[PDB]
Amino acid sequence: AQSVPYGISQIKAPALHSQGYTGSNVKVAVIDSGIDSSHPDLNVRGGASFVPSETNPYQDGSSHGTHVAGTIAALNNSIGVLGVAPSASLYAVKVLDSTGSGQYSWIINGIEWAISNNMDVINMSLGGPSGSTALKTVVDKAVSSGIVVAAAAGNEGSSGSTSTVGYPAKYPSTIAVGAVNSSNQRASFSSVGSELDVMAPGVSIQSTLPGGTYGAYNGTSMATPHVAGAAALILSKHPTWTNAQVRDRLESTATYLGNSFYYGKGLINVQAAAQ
C-alpha cells in the first residue's frame, strides 16, 4: 500500500488534494544530484545534466536528489509514499555528482536551464557558507523571470546571534527554508538568521530512494521540497499568481512557531496559503 509521510499532512497538503489540486502542469526543477527516473513512484518528465562526469540526469548515484524529488511529487497510487504535489511535472537538473557535491559553475548552468525551459518552481536542496557573484546573478535572474526558488537554509545550527544561513538561501530573492520535526520543534542542526523565512518538516522524512525503495533522511534538504511542492499546489489552484504572490502567501499564512530568528514565519500551511 501507499503511506503518507507525516510531513505531507503536517503542511496540510491533503486538504488541497481533496479540493482537486495536486500540482498539475506545474514545472518543478529539482536542482540536485539527479533523479532515478526508473523509480516506480516517480514520474520524471525531462531534465539535463550539467555534471561533466555524469552525463545522465535520470540517474542518481547519491540518493539525495531522488529523496528530495519524492517529497515534491511521489505519485498518488497504490505503492510507496505521496508527494506534496503528486501531479507536478518533475525535471531532473543534475548539478551535483554522486558524492552530493558540485561546482558553482554546474549549479549556475542548471538554473540557466531552468529559466530557458520555463520551469515554475526551482528546488535547491543545497548550499554553502559563501556564494559567488555569478550565483547571485543567475538566482536573481530566475526570480525576476517569474520562478519560485526554494533553497535549503543550511544545517549549520546556531552560533549566538550570528546568521548561519547558507547561500543561495541567504540571498533576498530565494525562500530560505528551515527544518522542524513532527512536534514543530526546530531541528537542532537547522541554520538560523534573519534571512530564514519559513519552516517545514525536516526530521525523519520518508521518501523515495534509488532502486525503487524508500527511506528516511534528516536535513533542511528535506524541508525545502515541502515548500517547493507547496508552491506547485498553490500555482495549480492559482495559475496567474506570480512568484512574489506565492512566496508572500506561503510566508504570511505560515503557523507562527516562535522567535523568527529560529523559525522565520513558522510552519508553512498550504491550505491557508492557497485560500
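The numbering used is simple: start at 1 and walk along the sequence shown.
Stretches 45-53 and 245-253 differ in mean CA B factor, with 45-53 having the higher one. For the pair 73-81 and 155-163, the mean Cα B-factor is higher in 155-163.
Taking the deposited Cα B-factors for 86, 129, 201, 110, the highest one is held by 129. When the Cα B-factors of 144, 185, 191, 174 are read from the PDB record, 185 comes out highest.
Among all modelled residues in this chain, the alpha-carbon of residue 33 has a temperature factor (C-alpha) in the lowest third.
In the deposited entry, the Cα temperature factor of residue 219 places it in the lowest third of its chain's modelled residues.
When the CA B factors of the chain's modelled residues are split into thirds, the value for residue 20 lands in the highest one. When all modelled residues of the chain are sorted by CA temperature factor, residue 258 is found within the highest third. The entry lists a Cα temperature factor for residue 102 that places it in the highest third of the chain's modelled residues.
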